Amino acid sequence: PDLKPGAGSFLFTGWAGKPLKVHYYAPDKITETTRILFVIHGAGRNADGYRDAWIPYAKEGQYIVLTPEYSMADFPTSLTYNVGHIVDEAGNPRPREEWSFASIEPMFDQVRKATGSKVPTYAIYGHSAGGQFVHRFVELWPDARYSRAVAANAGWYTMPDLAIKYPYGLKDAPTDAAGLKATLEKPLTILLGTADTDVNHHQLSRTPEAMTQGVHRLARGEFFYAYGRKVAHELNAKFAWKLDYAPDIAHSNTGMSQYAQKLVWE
């Protein structure tokens, strides 16, 4: 069909999962070099706000913004959304095309088909639970066509460790040593707010497995990056991850996006 100039939404059904309402921003003129940025919301499923936060930057960069709404009704738990839904709540394996990750690539096709843009890649950004979604999408979707993925202020990480069990590591995860080696060469950027340091934040995991990564989101992000560098040395991977900071920003998608807007096109 179409995408309307400005802010809007469409219902996406071109995948094996549930229909997804995608809130978008489109520039006034779409050319065939108009870029496309996926913005992934957090646990509050505030997709409408996440698209709005990037509207000014998409207008000044003249690119499309896509924010899928993983509503509470259709994705009630974190396991159904940012953990990827690779198993149901009972532990039974689910088909890969029904994972929450499986919507990005076909959706990336459809919007191109509807706008006329022919860009071979997209950029993707996520904050908090969206940051978990994005770095797990990097770890478990080797086929993805992102030029850069930005994970901002994730609460805790799936660590690049083949001996730690999912979702705290890549043991019992759909990847192996070669896949991990390729993951360490992907253009992933961990962006952390220097004030995301409250060890008692009301959304912060304090499970022992999460505490092995650090006491707050900033420490955990730094430690996840360093662990990636270590295992990249172990596997002789050409380490491509990047570590960036948002000075004096905490767990705020607006403040983090103001800095991430200068990172997704790297």
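Numbers for residues come from their place in the sequence shown, where the first is 1.
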Open item on the list: I need to verify one thing: averaged over C-alpha atoms only, is the B-factor higher for 82-90 or for 180-188?
Closed with: 82-90
TODO: Decide which of the stretches 28-36 and 233-241 has the higher mean C-alpha B-factor, going by the entry.
DONE: 28-36
Open item on the list: Sorting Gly61, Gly44, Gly221, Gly228 by Cα temperature factor from the record, which one lands on top?
Closed with: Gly61
- [ ] Compare the C-alpha B factor of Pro174 with those of the other modelled residues in its chain, then answer lowest, middle or highest third.
- [x] highest
Task: Within-chain third of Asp52 by Cα B-factor, per the entry - done: middle
Task: B-factor third for the C-alpha atom of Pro167 within its chain - done: middle
Open item on the list: By the recorded C-alpha temperature factor, relative to the other modelled residues in its chain, which third is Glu97 in?
Closed with: highest
- [ ] Divide the modelled residues of the chain into thirds by Cα B-factor and specify which third, lowest, middle or highest, holds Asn153.
- [x] lowest
